[PDB]
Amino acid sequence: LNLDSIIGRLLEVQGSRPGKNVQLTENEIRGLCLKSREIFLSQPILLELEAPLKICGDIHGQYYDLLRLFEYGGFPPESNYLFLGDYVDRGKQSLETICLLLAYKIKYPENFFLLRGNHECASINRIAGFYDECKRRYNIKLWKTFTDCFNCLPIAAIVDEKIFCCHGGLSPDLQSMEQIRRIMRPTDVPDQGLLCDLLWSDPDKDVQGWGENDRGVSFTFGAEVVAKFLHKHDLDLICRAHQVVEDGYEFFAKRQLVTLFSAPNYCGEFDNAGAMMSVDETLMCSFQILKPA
């Protein structure tokens, strides 16, 4: 597996007209999937990470925006990175996006981290674009290879014992971090339970306790669930993604939770920026922002 050749070809299109594809070989992509899967399985399902690092939310195949985020924040390994999931679906270049992220995981496995989003799941990405992209540009066998890799992604991270990171949010079944560590891999995303909620739940300003989630799965949770969670586990901040936010980032529960969304111009309704959160050595948080077009 010639990782530097793969990374070089993926980065070659910087400065091209947004849209230019990078077409790796099928054998190269299979190799990225197989090697990264091995690495994911060798590292904990609940990652224990150190600052400083940059944290990114949903990308959804917006490859040229991923390149902008790296341009702004430093290409790996100049900065350490944690991505919160939702790499594929919706956008035009899910393949380039996930291939670059997997290549960086293999090259910098202790300095580059990828969590699982709810779109890293065959049931969802079958319908939301990634299956179609794989079928068009490669074949369905490669989509299964991607799925096998996604089934091994870690689910949450704690930065310096203070920032709890996951794609979606909290779970009514999450009482101990050991419950997360006990999750076996490979696994699909279930339609209910702890793993489901970590990838699917949402905070809500108008919910007291746990509420029904408009997505048809998992729950919403209120500001006091957040406060109680941080107190119980001696944490300072929940960092999650999963929801489009106009500013690219949005605080909740008196700045006890932050939502990051890194794909600008995601929706037709409102314009949205994409934001990446810089966490300095003392856990102070700032933002680098792709403003909407």
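Counting begins at 1, following the sequence as shown.
For the pair 271-279 and 13-21, the mean B factor over Cα atoms is greater in 13-21. If you average the C-alpha B-factors over 98-106 and over 198-206, the higher value belongs to 198-206. For the set 136, 141, 167, 182, the maximum C-alpha B-factor listed in the entry falls on 182. Of the candidates 187, 111, 145, 171, it is 171 whose Cα B-factor is highest according to the PDB record. Ranked by Cα temperature factor within the chain, residue 159 sits in the middle third according to the deposited record. Among the modelled residues of its chain, residue 126 has a C-alpha B-factor that falls in the middle third, as given in the PDB entry. Residue 80: CA B factor in the lowest third of modelled residues in this chain (values from the PDB entry). For residue 256, the recorded CA temperature factor ranks within the highest third of the chain's modelled residues.
Sort the chain's modelled residues by C-alpha temperature factor and residue 63 lands in the lowest third, per the entry.
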